[PDB]
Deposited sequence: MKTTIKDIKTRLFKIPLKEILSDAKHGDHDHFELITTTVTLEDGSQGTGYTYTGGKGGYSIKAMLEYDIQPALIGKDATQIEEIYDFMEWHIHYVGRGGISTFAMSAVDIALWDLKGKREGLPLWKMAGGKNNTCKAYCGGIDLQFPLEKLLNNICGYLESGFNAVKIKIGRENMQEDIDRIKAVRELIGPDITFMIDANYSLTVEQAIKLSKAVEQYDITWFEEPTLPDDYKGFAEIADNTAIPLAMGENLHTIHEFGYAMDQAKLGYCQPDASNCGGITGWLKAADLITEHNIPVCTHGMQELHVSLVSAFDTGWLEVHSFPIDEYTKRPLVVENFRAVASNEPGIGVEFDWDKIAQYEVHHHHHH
């Protein structure tokens, strides 16, 4: 059958940073020879685990099937590895496959992802964050000036030192530099307690902080609600939510103002849409985490939230690095997911 899945190949790359992040490619070949690649990525752990799952648990089960029936295959995968699923490694792996199918669906239908995911805009608000917690203060600000002159009107910094006061300092430093008009967000990486967080959001309400990202453990939905009810800075989370249920819980109880689903680990573009469709119902901004190359097509598709521009140069090893027109990420009109890996450049980082 024309669209029947004939082969699937999955490669793992260790790519250096500035220490290193993982990239997992997954290429689906069809009957008529059409190809499509999807991917997922990591901050350094579980690359092998993801590739093992794909290569033993999921891929051989997928050979034979019709690549056009993507919801079907998605659903099938979720039940197939359920015992060792319900999030974790299993969802990275699922994403990689689902994205490649979306890619074939794009090339097949001659449509770019931004129109495929709903097509409400081809451009979107963006903002830069860094792996900046350990950074000396002057080093941080010189970095942020960099972002502002590259063409971005919003920045973000990590907070969460045992020395709380050092954090309120760095937040005030950045607001001085950027002035009234540039947007400011903070991300705590679930290092705070509820009461620790409430301390900090109270201490910096004055700096027009646009959101407080993952203030406490993301598994603490009541926690967030306790925070938000003692706080006037909008709460944000999503990175680490891997299941449409986990997003369900977040809307139901977490009282969030901004939600950031990551297509690479909440089950690809099918899952991401599940999440974004949900978030929209709750009249909340649809934002994203990591994977700028892909997500620009997705944020722009719902036109409502921020595209996070992450440190990982995943886009530096593709054909089209993120494109900015005045303070806005621009999405590719090329059919597919609008991402296409520079195979020759990453080939040196492939592993095993």
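Missing from the model, relative to the deposited sequence, are the ranges 19-29, 364-368.
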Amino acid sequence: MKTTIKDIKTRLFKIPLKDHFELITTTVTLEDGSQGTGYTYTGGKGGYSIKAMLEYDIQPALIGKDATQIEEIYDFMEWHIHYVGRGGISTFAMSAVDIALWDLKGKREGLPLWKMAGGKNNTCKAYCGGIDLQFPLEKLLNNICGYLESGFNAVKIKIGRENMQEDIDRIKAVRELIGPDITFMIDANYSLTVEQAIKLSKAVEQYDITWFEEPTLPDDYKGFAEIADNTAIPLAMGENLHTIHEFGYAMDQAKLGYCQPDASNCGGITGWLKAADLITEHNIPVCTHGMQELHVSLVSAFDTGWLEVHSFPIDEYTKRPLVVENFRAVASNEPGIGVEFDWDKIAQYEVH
From here on, numbers count along this sequence of modelled residues.
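The mean Cα B-factor in the deposited entry runs higher for 152-160 than for the other of 152-160 and 101-109. When the two stretches 228-236 and 71-79 are set side by side, the higher mean Cα temperature factor goes to 228-236. Comparing C-alpha B-factors across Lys115, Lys274, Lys139, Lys125 in the deposited entry, the largest value falls on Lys139. If you compare the C-alpha temperature factors of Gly257, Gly85, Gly130, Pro261 in the entry, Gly130 comes out highest.
Annotation for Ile346: CA B-factor lies in the highest third of the chain's modelled residues. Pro218 sits in the middle third of its chain by CA B factor, as recorded in the PDB entry. When the modelled residues of the chain are ordered by C-alpha B-factor, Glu31 sits in the highest third.
Split the chain's modelled residues into thirds by C-alpha temperature factor. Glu246 is in the lowest one. Remark: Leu23 belongs to the middle third of its chain, ranked by C-alpha B-factor as recorded.
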